[PDB]
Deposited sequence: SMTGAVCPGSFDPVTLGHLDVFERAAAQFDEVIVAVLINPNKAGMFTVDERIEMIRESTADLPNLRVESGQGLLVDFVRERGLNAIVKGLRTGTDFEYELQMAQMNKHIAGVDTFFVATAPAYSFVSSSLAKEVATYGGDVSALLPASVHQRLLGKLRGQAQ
């Protein structure tokens, strides 16, 4: 009965996120992606985009969440969070959060290293570049990319 929560805003989910989802799903019996809730896509849109890109992962589900992440995790009978890390700044910031979360609620955090190909990817740089007409199609799931193009045109 192993399991972990993979939290984020996912606005939108990137290939970097998706790689981490697949990797977590390969090592834990269940994975819950927690979409935390002022951006480009609505929560429902974000959830939909993630569900579409994770159809091939049977043991993964997607939910929205509010308030303390550790409460979200414990209310579901789990006590692990899983996330990817790209940079030293990611590590420093997430280590702080991980130690606070373990202190207040006993919830642990597991990190994985980014895929090298996606180390420079963020949802906010991808949206920014796309806005000015840069090609970010190699950084996003094919579905998400189309949804993005739609948002910028409308």
Inset, instruction - Any chance you could give me the deposited-sequence numbering of all the stretches lacking C-alphas? - result: 1, 39-42, 160-162
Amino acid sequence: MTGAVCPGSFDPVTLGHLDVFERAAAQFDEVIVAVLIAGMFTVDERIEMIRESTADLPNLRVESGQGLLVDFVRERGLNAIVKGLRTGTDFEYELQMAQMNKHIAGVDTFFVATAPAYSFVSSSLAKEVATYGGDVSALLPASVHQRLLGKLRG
From here on, numbers count along this sequence of modelled residues.
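Note that the rigid core is defined as the largest set of C-alphas that superpose within 1.5 Å between two forms.
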Inset, instruction - Consider 44-52 and 83-91 separately and indicate which one has Cα atoms farther, on average, from the shown form in 9 other deposited structures of this protein after rigid core alignment. - result: 83-91
Inset, instruction - Report the stretch with the higher root mean square CA deviation, pooled over structures and residues in 9 other deposited structures of this protein, choosing between 53-61 and 117-125 after a rigid core fit. - result: 117-125
Legend entry - Of 139-147 and 7-15, the stretch whose C-alpha atoms average the higher B-factor in the entry: 139-147
Inset, instruction - Quick one: say whether 64-72 or 121-129 has the higher mean Cα B-factor in the deposited entry. - result: 64-72
Legend entry - Selection from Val107, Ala38, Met100, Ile32 [criterion: highest C-alpha temperature factor in the record]: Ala38
Inset, instruction - Would you please rank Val43 by its C-alpha temperature factor against the other modelled residues of its chain and give the third it falls in: lowest, middle or highest? - result: highest
Legend entry - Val112 by Cα B-factor - lowest, middle or highest third of the modelled chain: lowest
Inset, instruction - Could you tell me which third, lowest, middle or highest, the C-alpha B-factor of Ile50 occupies within its chain? - result: middle
